[PDB]
There are 2 protein chains.
Amino acid sequence: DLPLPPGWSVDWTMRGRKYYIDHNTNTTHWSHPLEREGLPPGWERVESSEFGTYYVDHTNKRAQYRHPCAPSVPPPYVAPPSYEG
Amino acid sequence: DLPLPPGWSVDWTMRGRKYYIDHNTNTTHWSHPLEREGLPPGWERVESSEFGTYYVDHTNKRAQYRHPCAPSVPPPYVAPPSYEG
Ligand SMILES: [K+]
Ligand SMILES: [K+]
Ligand SMILES: [K+]
Ligand SMILES: [K+]
Ligand SMILES: [K+]
């Protein structure tokens with residue numbers, strides 16, 4: 001949907017997974033560069049049918065469920081307003 | 001974007017957070033009912049600018065970073081194909 005910034009292109013893995021090619025920096029990425037609000041450089045949010053939504057750190061070649069910048073404690077439960085309706 | 005199933009409506013919290021009202025079951029929800037693929041009943045995926053993406057269990061009033069169905073081990077690191085470009 002969102003336009004690629006100048007200097008990018010897209011391709012596909014042998015499993016059908018889209019990736020983004022940055023010809024400005026000669027690097028490749030799982031996510032659109034305009035869809036990384038709140039993420040530090042080197043980190044991406046990824047979606048998995050087996051593991052759900054998690055985060056990868058390309059600079060350390062590791063992954064974790066928690067956003068890199070989230071408090072290192074479990075996140076807060078909040079319910080929507082009760083049915084009124 | 002996606003049409004609401006029959007019997008639903010939408011409203012807004014005093015913080016500007018959208019929620020979904022199910023008049024079929026007299027319940028309320030943070031997420032669109034057609035956007036919960038892979039989630040068990042009672043669980044939702046939520047987005048937070050402070051905590052990132054996590055999951056809430058309305059039946060236990062708790063939250064966790066890991067998808068309820070994800071393996072209880074850290075998720076796998078996978079890099080996109082190296083720049084060719
Ligand atoms: K450029
Ligand atoms: K281009
Ligand atoms: K997560
Ligand atoms: K109905
Ligand atoms: K309606």
Side-chain angles (χ1 to χ4, degrees), chain A residues 2-5 17-20 29-58 62-85, chain B residues 2-13 15-77:
Chain A
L2 275 60
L4 295 174
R17 187 167 176 192
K18 185 178 205 167
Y19 63 103
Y20 296 85
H29 306 268
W30 289 128
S31 64
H32 195 297
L34 297 182
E35 303 182 341
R36 316 207 192 127
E37 282 296 329
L39 284 172
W43 289 77
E44 298 192 286
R45 181 172 133 197
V46 294
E47 310 282 352
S48 172
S49 44
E50 174 169 343
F51 290 93
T53 308
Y54 63 97
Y55 299 85
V56 296
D57 178 356
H58 295 303
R62 56 178 300 282
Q64 60 184 50
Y65 292 113
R66 181 181 41 90
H67 190 291
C69 300
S72 300
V73 297
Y77 176 76
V78 187
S82 297
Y83 183 85
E84 273 147 20
Chain B
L2 275 60
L4 295 174
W8 291 71
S9 68
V10 299
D11 208 347
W12 307 85
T13 72
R15 294 169 159 253
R17 187 167 176 192
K18 185 178 205 167
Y19 63 103
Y20 296 85
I21 301 165
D22 183 6
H23 301 280
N24 301 291
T25 58
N26 291 9
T27 58
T28 60
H29 306 268
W30 289 128
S31 64
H32 195 297
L34 297 182
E35 303 182 341
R36 316 207 192 127
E37 282 296 329
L39 284 172
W43 289 77
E44 298 192 286
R45 181 172 133 197
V46 294
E47 310 282 352
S48 172
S49 44
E50 174 169 343
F51 290 93
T53 308
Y54 63 97
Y55 299 85
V56 296
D57 178 356
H58 295 303
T59 78
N60 284 291
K61 297 193 182 180
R62 56 178 300 282
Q64 60 184 50
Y65 292 113
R66 181 181 41 90
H67 190 291
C69 300
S72 300
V73 297
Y77 176 76

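Just the heavy atoms: all of them, side chains too, but no hydrogens, waters or symmetry mates, feed the values below. Numbered from 1 within each chain, the chains take letters A, B, ... in sequence-line order.
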Out of curiosity, [X] [atom1] to [Y] [atom2], how far, rounded to the nearest 0.5 Å?
{"X": "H29(B)", "Y": "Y19(B)", "atom1": "NE2", "atom2": "OH", "answer": "12.0 Å"}
{"X": "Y54(A)", "Y": "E47(A)", "atom1": "OH", "atom2": "CD", "answer": "10.0 Å"}
{"X": "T13(B)", "Y": "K18(B)", "atom1": "OG1", "atom2": "NZ", "answer": "12.5 Å"}
{"X": "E84(A)", "Y": "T28(B)", "atom1": "CD", "atom2": "OG1", "answer": "9.0 Å"}
{"X": "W8(B)", "Y": "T25(B)", "atom1": "CH2", "atom2": "OG1", "answer": "6.0 Å"}

**Study point:** Which residues share a side-chain contact (heavy atoms from CB on, under 4.5 Å) with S31(B), sequence neighbours left out
**Key:** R36(B), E44(B)
Exercise for review: List in chain and number order the residues that pass side-chain contact (heavy atoms from CB on, under 4.5 Å) with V73(B), two or more places apart in sequence or in another chain; answer none if no residue qualifies.
Suggested key: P71(B)
Close side-chain approach of [X] and [Y], heavy atoms under 4.5 Å:
{"X": "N60(B)", "Y": "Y77(A)", "result": "no"}
{"X": "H32(A)", "Y": "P5(A)", "result": "yes"}
{"X": "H58(B)", "Y": "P80(A)", "result": "yes"}

Revision key, fill the gap. Taken in chain and number order and not counting sequence neighbours, the residues that satisfy ring-ring contact (aromatic ring centres under 6.0 Å, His included) with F51(B) are none
Review point. Do side-chain atoms of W30(B) reach the backbone of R17(B) as a donor and acceptor pair under 3.5 angstrom?
Key: no
Check your understanding: Just by distance, do the side chain of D22(B) and the backbone of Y83(A) share a donor-acceptor pair under 3.5 Å?
Key -> no
Practice item. State which residues pass side chain to side chain donor-acceptor pair (under 3.5 Å) with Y55(B); sequence neighbours excluded, sorted by chain then number. Key: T53(A)
**Study point:** Residues which pass salt bridge (charged side-chain N to carboxylate O under 4.0 Å, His left out) with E50(B), listed by chain and number, not counting sequence neighbours
**Key:** none
Practice item. Under the salt bridge (charged side-chain N to carboxylate O under 4.0 Å, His left out) rule, collect the residues that match up with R66(A), sequence neighbours excluded. Key: none
Point to revise | Nearest atoms (heavy-atom pairs only) where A63(B) meets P74(A) | key: O-CB, 4.4 Å
Practice item. Taking all non-hydrogen atoms of both residues into account, name the closest pair between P76(B) and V56(A) and its distance. Key: O-CG1, 4.5 Å
